[PDB]
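All remarks here apply to the structure that follows.
Values quoted throughout were computed directly from the atomic coordinates according to the rules given, and no laboratory measurement underlies them. Backbone-built Cβ (ideal geometry, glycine too); neighbour counts: all protein chains shown.
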Amino acid sequence: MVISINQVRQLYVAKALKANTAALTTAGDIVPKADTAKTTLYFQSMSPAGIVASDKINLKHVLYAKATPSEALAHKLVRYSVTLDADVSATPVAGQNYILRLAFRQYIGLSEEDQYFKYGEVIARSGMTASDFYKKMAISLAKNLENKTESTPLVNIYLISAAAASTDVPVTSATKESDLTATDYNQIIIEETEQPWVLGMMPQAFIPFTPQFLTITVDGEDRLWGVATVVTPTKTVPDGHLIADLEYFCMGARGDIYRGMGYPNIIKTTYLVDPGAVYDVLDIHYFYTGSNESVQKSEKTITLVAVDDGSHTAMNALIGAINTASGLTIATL
Amino acid sequence: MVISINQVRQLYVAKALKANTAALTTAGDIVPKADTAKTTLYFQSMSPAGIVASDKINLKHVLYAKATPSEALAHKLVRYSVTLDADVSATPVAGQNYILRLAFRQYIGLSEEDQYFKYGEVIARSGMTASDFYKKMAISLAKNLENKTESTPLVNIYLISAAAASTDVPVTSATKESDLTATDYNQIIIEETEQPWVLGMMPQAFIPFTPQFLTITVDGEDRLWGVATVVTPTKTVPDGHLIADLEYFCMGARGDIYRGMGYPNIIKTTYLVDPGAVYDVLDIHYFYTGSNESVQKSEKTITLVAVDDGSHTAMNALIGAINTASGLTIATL
Amino acid sequence: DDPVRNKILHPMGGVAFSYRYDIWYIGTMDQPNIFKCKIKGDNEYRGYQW
Amino acid sequence: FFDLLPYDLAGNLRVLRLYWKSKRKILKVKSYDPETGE
């Protein structure tokens, strides 16, 4: 997952905050060192093979410094709520073909010009109510979408009971309509899902969609049988797959650029970011200016990730150590 | 590492025990499953991307099932007490040159024809006691063998005072004559050290040595100078690096036989072992027989690995669940 | 002086097999004193089980 | 006695000789005699 830069960007994980150089003993500690005049800030960390320091940040030359919480990097999975169109008919008409088309836009492609379409079909019956139509549509949608012989997961189908109105009833291919026993269904929640992730090789990306309907001949007029509105999202993808890709890119500015390439004949970097844990990112952006003629800047930055547990305990102590040492005004989150 | 097999060796990690099929939620669990007619044992595990099974052990076709502890797989670091030979001279004579030669035998290669010879030397003087001599030779060896320029860690050297007689004072290439303040040094213990380990590529092997002495011509005779007696070992190399390279090999049967060969395109197997944890090993070696004229045997084995906490708690629960389900008498370690 | 097979080390440096002396032939015998053996027509075995 | 061929028997050497028919591409051309129309 390659990220653009103003100029080079170095990441230092902060698993634990120590107060002096001699306590840096295990892989992942950190200590923000500074002077008594606060004219130079730098960061000592303990890598798997020794204490290393960062670049020396001249504190007169800071551009911005901001710490971002873990929730701001969580991708909200967009949910679509498919209801029957009340202007056409709130009840299913007898004998018309109800087809739903899902218009996927970035499937196995980097562009919107690579598109994919999945269908779900219900021929309505005579005594088919609104709840029995949503019952058989989610069966027919999940039998096409969430089959096990699909390459990548696309969306998830969720039924909503009207008495519940806040609990999603999951409909998969293995689910029969015998297990869907409620008699009050009012919408079909269609929610996108997480694409697979490996660090460095495959980025964290998502496939979008829009549910589109085909017209039914109700009273001699071809009318779209449903509407497709987007409700507020409920599930979030955690920050562990972004930061484990974010550290992998900044481990070529310090470490090796030939990561794994001539495979037995490499140097192998130990990455100290857990891919299954959330993190808080502090971006310290600065530059360097030369003496007389080299007033042109080299706008570089140092970033810091620290794992937090609900209330951000580890990051707000890391900001609390930088503000006393460096004298900065980095706001706490 | 690369080990030899009796036609297969499969490994499963017992990070937890769940006792039923529907309880496998965390990756790395184990449930030993068997039927009531004791004819088949097999192991269902939770792999990091699904539920896997083992091969179906025919319980009458078992040869041995013995579980080995964590202390029977730890390498003991051999020591050498280097002293002055009292029958030649109790005190060092003031004219001769006193040289000790350390004879390594597998320095970079694997053979004992790939040797290495490091030295230490003291010129003895009048008024130099036995304790002032050992203070002068542990500095001379630490400036040879424990310097910051040596490409590999070869040995670790310590001194022993006669007042303490058990605790080691370490001597490295920064220790001076004034740091060691004791008039009762009576031996120099040279200890083997832990060589580096990169997962699967640089396995756990060691460099052995044998301290050899030069001659001091005490009375017109080239008498050997010292005597090096091997002491019982004290420091152990734990089992984390052996099982982590043992799981790295045994995943190649159920998975990709290459592990990173070609690096845009790998199938990155996620491992479950921690290399900084000590483990117990149970190895059930069974075979296959067709019920026909071909009674010829196809030997197999299944290695289960559980974490040791000092009282063998996680392995003794794994053995008992195999004992009652399958009807085998594995000896509880 | 083969240091793999000779594993006893001598107190005076080197492996302990190097300090061994052997006088194999003392004079002329008009026949081979030391020789190797063979069975007449013994072809060495080579057989596959595949 | 189990229930093959070594390379040297008695100071002699095992000369294995293989004769085989490979398959060669050739071309059949049709040319005209310059003087006569054949």
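Go through D:31-37, A:295-301 and give me the packing order, highest mean Cβ count within 10 Å leading.
The densest-packed peptide leads the list: A:295-301, D:31-37.
On a 0 to 90° scale, report how tilted helix A:313-325 is relative to the longest principal axis of chain A, with both axes built from alpha carbons and the result rounded to the nearest 10.
30 degrees
Given a Förster distance of 35 angstrom, what is the FRET efficiency for B:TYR119 paired with C:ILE8, based on the Cβ-Cβ distance and rounded to 0.05?
Numbers: r = 23 Å, r/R0 = 0.64.
Result of the calculation: an efficiency of 0.95.
Net charge near B:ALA317: determine it from the other residues with C-beta under 15 Å of the C-beta of B:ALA317, scoring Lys and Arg +1 and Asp and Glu -1.
Residues close to B:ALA317 contribute a combined charge of -2.
Please work out which residue of chain A brings its Cβ closest to the axis of the rotation superposing A onto B, and round that distance to whole Å.
Nearest to the symmetry axis by Cβ: A:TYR263, 2.
Please list the non-local residues whose amide H lies under 5 Å from the amide H of A:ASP85, H modeled 1.01 Å from N, same-chain partners needing a gap of 5 or more.
A:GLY226, A:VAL227
Taking the alpha-carbon centroid of each part, what is the distance from segment A:235-302 to segment B:280-305 in angstrom?
49 Å
With a sphere of radius 13 Å drawn around the Cβ of B:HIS285, what net charge do the other residues whose Cβ falls strictly inside it have (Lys, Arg +1; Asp, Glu -1)? Please list the in-between numbers first.
Values: positive: B:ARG9, B:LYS66, B:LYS297, B:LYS300; negative: B:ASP55, B:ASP283, B:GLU299.
Here the charged neighbours net out to +1.
Do any GluC sites (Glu not before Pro) in segment A:28-127 lie in a DSSP loop with no more than 12 other beta carbon atoms within 10 Å, and if so, which?
For GluC sites (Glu not before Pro) across segment A:28-127 that sit outside H, G, I, E and B with at most 12 neighbouring Cβ atoms in 10 Å, the list reads A:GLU112, A:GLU113.
Among the listed pairs A:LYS268/B:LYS56; A:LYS38/A:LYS66; A:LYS18/A:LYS56; A:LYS18/B:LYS15, give every one whose C-alpha distance is greater than 27 Å.
In this structure, A:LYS268/B:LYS56; A:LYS18/B:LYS15 lie more than 27 Å apart at Cα.
Placing a label point 7 Å from Cα toward Cβ, how far apart in nm is A:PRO153 from its equivalents in the other copies, listed shortest first to one decimal?
Nearest to farthest, the other copies are at 4.3 nm.
Measuring label to label, 7 Å along Cα→Cβ, what does B:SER311 give against each other copy in nm, shortest first?
3.5
Karplus couplings for segment A:269-279 from phi (6.51 cos²θ - 1.76 cosθ + 1.60, θ = phi - 60°), rounded to Hz, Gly and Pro as x?
So the Karplus estimates, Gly and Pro as x, are 8, 8, 8, 9, 10, 6, x, x, 10, 7, 9 Hz.
Given only helices, namely DSSP H runs of n ≥ 4 each adding -39500 (n - 2.57), what is the per-residue ellipticity at 222 nm of chain B, to the nearest 500 deg cm²/dmol?
The helix-only estimate for chain B comes to -3500 deg cm²/dmol at 222 nm.
For B:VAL218, B:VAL122, A:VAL305, which order do you get if you count the other beta carbons within 10 Å of each Cβ and list the fewest first? Spell out each step's value before the answer.
Values: B:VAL218 15, B:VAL122 21, A:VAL305 28.
In order of increasing Cβ crowding within 10 Å: B:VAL218, B:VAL122, A:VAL305.
Excluding residues on the same chain fewer than 8 positions from B:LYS143, give the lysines whose Cα lies under 21 Å from its Cα.
B:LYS118, B:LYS135, B:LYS176
Just to be sure I understand: with springs between alpha-carbon atoms less than 10 Å apart, which residue in A:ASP55, A:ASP222, A:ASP245 has the highest mean-square fluctuation in the Gaussian network model of chain A?
Evaluated over chain A, the most mobile residue of the options is A:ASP222.
Shortest first, in nm, what separates the label point of A:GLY252 from those of the same position in the other copies (7 Å along Cα→Cβ)?
Distances to the matching label points in the other copies: 2.8 nm.
Determine the shape class of chain B: with a ≥ b ≥ c the square roots of the Cα gyration tensor eigenvalues, call it rounded for a/c under 1.5, and otherwise prolate if a/b is greater than b/c, oblate otherwise.
The shape class here is prolate.
Among B:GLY252, B:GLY50, B:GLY320, determine the one that fluctuates most according to a GNM of chain B built with springs between C-alpha atoms less than 10 Å apart.
Judging by the Gaussian network model, the answer is B:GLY50.
If you find the alpha carbon centre of chain D and of segment A:98-129, how far apart are they in angstrom?
After rounding, the separation between the Cα centres reads 66 Å.
Would you kindly derive the ³J(HN,Hα) couplings of segment B:45-50 from the backbone phi angles with the Karplus curve 6.51 cos²θ - 1.76 cosθ + 1.60 (θ = phi - 60°), listing them in order in whole Hz, with x for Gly and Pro?
10, 9, 6, x, 9, x
Set the Förster distance to 60 Å, then compute FRET efficiency between A:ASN316 and C:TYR25 from the Cβ-Cβ distance, nearest 0.05.
Here the calculated transfer efficiency is 0.10.
Between rounded, prolate and oblate, where does segment A:9-73 land on the alpha carbon gyration tensor, with a ≥ b ≥ c its root eigenvalues, rounded for a/c under 1.5, else prolate if a/b exceeds b/c?
It is oblate, given that a/c is not under 1.5 and a/b is not larger than b/c.
Report the residue, chosen from A:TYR107, A:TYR158, A:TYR263, that carries the largest GNM mean-square fluctuation when chain A is represented by alpha-carbon nodes joined by springs under 10 Å.
In the Gaussian network model the winner is A:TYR263.
Using alpha-carbon pairs under 8 Å, 6+ residues apart, how would you state the relative contact order of segment B:132-173 in percent? Walk me through the intermediate numbers first.
Details: 45 pairs, mean separation 18.0, N = 42.
Over segment B:132-173, the number comes to 43 percent.
Per residue of segment B:249-265, what does 6.51 cos²θ - 1.76 cosθ + 1.60 with θ = phi - 60° give for ³J(HN,Hα)? Whole Hz please, x for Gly and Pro, Karplus curve as stated.
Result, rounded to whole Hz: 7, 6, 6, x, 6, 9, x, 8, 6, 6, 10, x, 6, x, 10, x, 9.
Tally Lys and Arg at +1 and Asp and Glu at -1 over the other residues with C-beta under 14 Å from the C-beta of B:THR332: what net charge comes out? Before the final figure, lay out each step's value.
Details: positive: B:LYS66; negative: B:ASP280, B:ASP308.
Surrounding charge for B:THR332 is -1.
Run the numbers on segment A:1-130 and let me know its relative contact order in percent, using alpha-carbon pairs under 8 Å that are six or more apart.
Once normalised by length, the contact order is 14 percent.
In nm, give the distance between the simple-model label positions of B:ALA165 and B:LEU17, each being 7 Å from the Cα along the Cα-to-Cβ direction.
Result: 4.6 nm between the two label points.
Given Cα pairs under 8 Å that are at least 6 residues apart, what percent is the relative contact order of chain B?
Details: 679 pairs, mean separation 85.3, N = 333.
Relative contact order, chain B: 26 percent.
What distance in nm separates the two pseudo spin-label positions at D:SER22 and C:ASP1, each 7 Å out from Cα along the beta-carbon direction?
Between D:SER22 and C:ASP1, the simple spin-label model gives 5.2 nm.
Quick check: residue separation of A:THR215 and A:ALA74 times 0.36 nm, minus the Cα distance between them. What number comes out in nm?
On the way: separation 141, 0.36 × 141 = 50.76 nm, distance 3.74 nm.
This chain segment gains 47.0 nm when fully extended.
Quote to one decimal, in nm, the extra length available between B:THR26 and B:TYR288 on full extension: 0.36 nm per residue of separation minus the C-alpha distance between them.
On the way: separation 262, 0.36 × 262 = 94.32 nm, distance 3.20 nm.
Gain in length upon complete extension: 91.1 nm.
Within a 10 angstrom radius of the beta carbon, how do B:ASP87, B:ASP280 rank from fewest other beta carbons to most?
Lowest to highest Cβ neighbour count: B:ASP87, B:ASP280.
How tilted is helix A:130-144 with respect to the longest principal axis of chain A? Cα atoms for both, answer in degrees (0 to 90, nearest 10).
60 degrees
Suppose each label sits 7 Å from its Cα in the direction of the beta carbon; what would the A:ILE266-A:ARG223 distance come out to in nanometres?
Taking the two extended label points, one gets 6.1 nm.
So how far, in whole Å, is the C-alpha centre of segment A:1-46 from the one of segment B:162-213?
One Cα centre to the other: 34 Å.
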